Structure formats: structure tokens, C-alpha cells
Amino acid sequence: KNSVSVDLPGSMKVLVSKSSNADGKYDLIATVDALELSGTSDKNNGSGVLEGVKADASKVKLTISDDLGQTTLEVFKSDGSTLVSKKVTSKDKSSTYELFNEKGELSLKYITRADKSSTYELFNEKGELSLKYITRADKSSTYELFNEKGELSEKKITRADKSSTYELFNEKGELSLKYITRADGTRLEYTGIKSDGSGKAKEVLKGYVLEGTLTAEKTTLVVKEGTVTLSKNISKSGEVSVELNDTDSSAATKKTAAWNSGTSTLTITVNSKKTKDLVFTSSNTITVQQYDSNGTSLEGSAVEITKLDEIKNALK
């Protein structure tokens, strides 16, 4: 026919006859997710109502507002009254999609908007929220999954700088696992978390992993090489303190260390002579630098550690 294709909110197209019929009306045809719909409108721009029937006897109504600014796609049961789904989209790309349960209440609601923020919600058979995933215009998000009892089972909060906190709870809704991912990608992993707040810790750094424990007061990661044990403590405030302990009583080879929290540096000494500086950086790296053989001042440049063995080597 002489028809015009018209683009519609919601990534749909309608075809509207160019010629009015005897009654002053225009025929409309449109395929939406493979299904052909049809209507007759008194308007000639693509607005109006189209209808179609699916092979499962479901009934589909598309309503297009006068100014083409908004479309409503409804899916009904075979009675053409009981709702299955409804999708409303605007010209600015904002849209709400709703799926209905046999009760006639929402089982799913999903809004996606202009700035590309969105909210996705599932509702259980009680009418209660069972999952919520919200994404923001800066790509931050929060995800919550609840269990049948309505307690939290899984939670992830992701920030705009890409840092995140991921939590898993057991079947009683108690915290079991927590991953804290930093903005730079490094991670603190807490597993086997117990009622008393202690558990296993790992810090995942770029190239290597430290292991340790969590207690009520702090996280302490430990590297041991022979008689020497290095401990990195992270306090509740995020404050780091480092300790070195050497079970070697030999005055000639025993390591002792002095921490400086102002410079986040542990200085190691052997036989009254400084041997190296281990610096615990705000960038979640560890550098090692040696002194000269008199122990007077640092030589060379600091080397950034990328493997656990390098830490071990520094403690020999």
C-alpha cells in the first residue's frame, strides 16, 4: 500500500496507510517481537491502538499516544482482561516493564531510564521484595537477594570508583563470606566467618596473595621466612601497622625492625646496621629498598614487589 513507516518509543515501528479510508480513518500495522498487530485510527501519524493474538491465545494491545511520545504494550490472558505483562516506554528511552502473577500482583518490575539508571525488582508469592538490583547513572549499583524467610542471602554494593563490598550469608541469614574490592582492583577476602567475628583473611594484591586471619580487633596477614615473621595489621579505621619478629638469637644475623606510621615504612636492621626499607604504600603495593653496606643511607631506587617470594627474600 502507500504506507509510511513510523519509529516509536521502545524500539518499535508502525506502518500507517497514507490514504484515508471512506470513513476518514487510517489502517495501522506493526510487528512487535515477531507478532503482527493491527488497528484503525482516526489519526494519520502512527498513533492509535493495534491488537494481535499469540499462538497461546494470549491477547496483545499496543496503545500509541497522539504525539507518538509514549507506547503501552499490554499482554493479557485469553479473556483479554487478566494481565500477563505491561511495558510503557517514553520518547526519552525511559521505560517500565511489569510482569504479573496469577494473583494479579507484580512478580517483576523493571524501570530503565533516560540517564540509564535502572531498578529491577522481583517479588515473591507473599508480595514481598525478593530481589532488588538498582543501577545508577554513574554505574554504581546495589544488589540484594533475599531468602524465602525474607532475610538477606547475598548483597553487593558497588561504588562509582569501582570499589565494592560483596557479602554472602548462610541459610540462617548469618554472614559467611565478605569480599572488599578496592578501587584499584586489590581485594580483602574474608571466609569462614564465625559468630564471634573471626575468620580467615586473604589480601589479593597485584601479582600475589597474602594470607592471615580476622579477629574482633584487626586483620593480620603474615609472611614467614624461617625464623622471621612479618605481620601486616589493618585496623578498624583502615590504619596499617607492620611488625617483624625474628626467633634468631644470633646477634650477628638477627633482624629487628622499626615501623614508622607517618611514612608507612618498616626499616630493618641487622647487627646494628640498617639493611632495608619496606614501604607499605597507600597504592596497596609494597616496595623494597636496600641501604649501603655501612647502613648509612639507601642506595639505588625502591623496587615494587610483584611476587610473594620477593617479600620472603627481604626477610632472609
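For every residue, the number given is its place in the sequence shown, counted from 1.
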Which is higher in the entry, the mean Cα B factor of 75-83 or that of 209-217? 209-217
Between 234-242 and 84-92, point out the one with the higher average CA B-factor as the PDB entry records it. 234-242
From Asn21, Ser17, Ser11, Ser301, can you pick the one with the highest C-alpha B factor in the entry? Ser301
Residue with maximal Cα B-factor (values as given in the PDB entry) among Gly192, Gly185, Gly104, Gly226: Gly104
The third of the chain into which the C-alpha temperature factor of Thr269 falls is the highest
Once the chain's modelled residues are ordered by C-alpha B factor and cut into thirds, is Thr285 in the lowest, middle or highest one? middle
